[PDB]
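*Asks:*
Residue numbers (PDB author numbering): 2 to 102, 114 to 138, 144 to 500.
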């Protein structure tokens, strides 16, 4: 595996592994497509966790386990063949009860609808106050309906079986027949909004036919995977101003630029209705280092009073979105004294975890993702903060050289991010960190093979293998650079 072959894969935008949650939703379509749901049900039966739950085996995440188990248990029980899967249901009932007796996307709005549906099937009972929380947040639609231009459409299934009235029925589906490129949102749509919709089903059918029987969090996502794969590449000692390097990765830079709307930016896939600051800030960073002259106005349109927004019309902030912006601002040539640089740092500083020198972003579960990228982003802006962040990375390194932020287990992805940050600091400060990079590289080269832990946050946890591989290759080559 090389960056050349990895960017080729990134262009497909299919590096995101299937999730139990999106697969469970496909499994509820049995009365619409018999073969389709049966494949998804088999995926669920193969991927049920040893404790009876569905979701990521590691790391444990209550929201991830609850929504995946609720969705899976509902699909198994609604299916006309439930008697063949009684052993999975009984095991899931015990796990589901143990679970029931805002970390993920749409959790507060989706959980109450799956809790109610599970109860209707006799799977669960009912601090179930998310019912009122959902009412409150929905009322902020102001009588408007959900459609393609609202981030909630990614979680459109929060409407539930009896919420179709508040959806723009003919304004949810996109060019590929999907609702916001979410297999779960599309399965919901094809089941309760436009029952048997051929295009929503065709969208889902293509994923199940092409993949392993399951469904990923997002599909496709070629801009996200290209932009993040190039970002990790740029961490290595490679001259991106070299014409051959520009021409080797030219087709991917062109793809991002071609779908770049000036003044607005880019989404996860070319046809995406909505641009986001997270993708746009990293894409800006990447394009500029490759010798392009991209449009910084596409980042600034997300600027708000106290932080940068992730979505234009949303208010809630994110750490890494603002860390990405800080990177985009540094690459754009901003001064360390600039009000935009200072406002971003003020946001980051005031949202640091207490005691630790780390950040939890809620777009990625690992503090090493955000902390490592903060170190790279804040260089020449707040080197005091970066020194403290490095100190935390060095202090939390495991005896075998690896890093991990959950349940006492290491991850190749988290180790790769720490290597990137250590190598960056070494170049910037002159501090010799070769001993720690060397130990990490020794461990990383023995544990760099998939499957990878799903540390990315959507409605549940997911993994983009293409991006993680890019992070690992980048880290492995950085190790070689330090001998």
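Just so you know, even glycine gets a beta-carbon here, dropped at the ideal spot from N, CA and C.
1. State the CB to CB distance for the pair residue 420 and residue 374, rounded to an integer number of angstroms; the pair is presumed to be in contact (CB under 8 Å).
2. List the residues that DSSP assigns as beta-bridge partners of residue 483.
3. Tell me which residues share the same chain as residue 328 and place their Cβ nearer than 7 Å to its Cβ, disregarding the 5 neighbours each side in the sequence.
4. With distances taken Cα to Cα, identify the nearest neighbour of residue 210 among 233, 342, 176, 191.
5. In the DSSP assignment, what residue or residues form a beta bridge with residue 20?
6. Would you identify the three-state DSSP class for residue 137, choosing helix, strand or coil?
7. Is residue 252 near residue 495, with beta carbons less than 8 Å apart?
8. Determine the extent of the alpha helix (DSSP H) in which residue 93 is found, giving its start and end residues.
9. From residue 428 to residue 470, what does the alpha carbon distance come to, in whole angstroms?
10. Quick check on residue 146: buried or exposed, where buried means 16 or more other Cβ atoms within 10 Å of its Cβ?
11. Starting from residue 39, trace the alpha helix (DSSP H) in both directions and tell me its first and last residue.
12. Of the choices 119, 77, 47, whose alpha-carbon is the least far from that of residue 67?
13. Taking 8 Å as the cut-off, decide whether the C-beta atoms of residue 232 and residue 225 are in contact.
14. Cα-Cα, which of 482, 449, 472 is closest to residue 465?
15. Please report how far the alpha carbon of residue 296 lies from the alpha carbon of residue 430, in whole angstroms.
16. For residue 423, which of helix, strand or coil comes out of DSSP?
17. Reducing DSSP to helix, strand and coil, say where residue 478 ends up.
18. Looking at the strands, I want to know which residues DSSP matches up with residue 277.
19. What does the alpha-carbon distance come out to for the pair residue 386 and residue 92?
20. Using a Cβ-Cβ cut-off of 6 Å (strictly less than) and excluding sequence neighbours within five positions of residue 163, which residues of its own chain qualify?
21. Taking the alpha-carbon positions, what's the residue 403 to residue 452 distance?
22. Are the CB atoms of residue 247 and residue 266 within a distance shorter than 8 Å?
23. Answer yes if the region 20-34 comes into contact with the region 439-448, meaning at least three C-beta pairs across the two stretches below 8 Å, and no otherwise.
*Replies:* Result, derived from the coordinates:
1. Contact doesn't hold; Cβ gap of about 14 Å is too wide.
2. Bridge partners of residue 483: none, in fact.
3. 168, 291, 293
4. 176
5. Assignment of beta-bridge partners to residue 20 by DSSP yields 232.
6. Here residue 137 sits in coil by DSSP.
7. yes
8. 87-101
9. Roughly 7 Å separates the two Cα atoms.
10. exposed
11. 35-47
12. Taking only the C-alpha atoms, the option nearest residue 67 is 119.
13. It is a contact, given that the beta carbons lie within the stated cut-off.
14. For residue 465, the nearest C-alpha among the options comes from 482.
15. The alpha-carbon atoms of residue 296 and residue 430 are separated by roughly 20 Å.
16. strand
17. strand
18. The partner list for residue 277 (beta bridge, DSSP) is empty, contrary to what the question assumes.
19. 35 Å
20. 169, 170, 173, 184
21. 19 Å
22. yes
23. no
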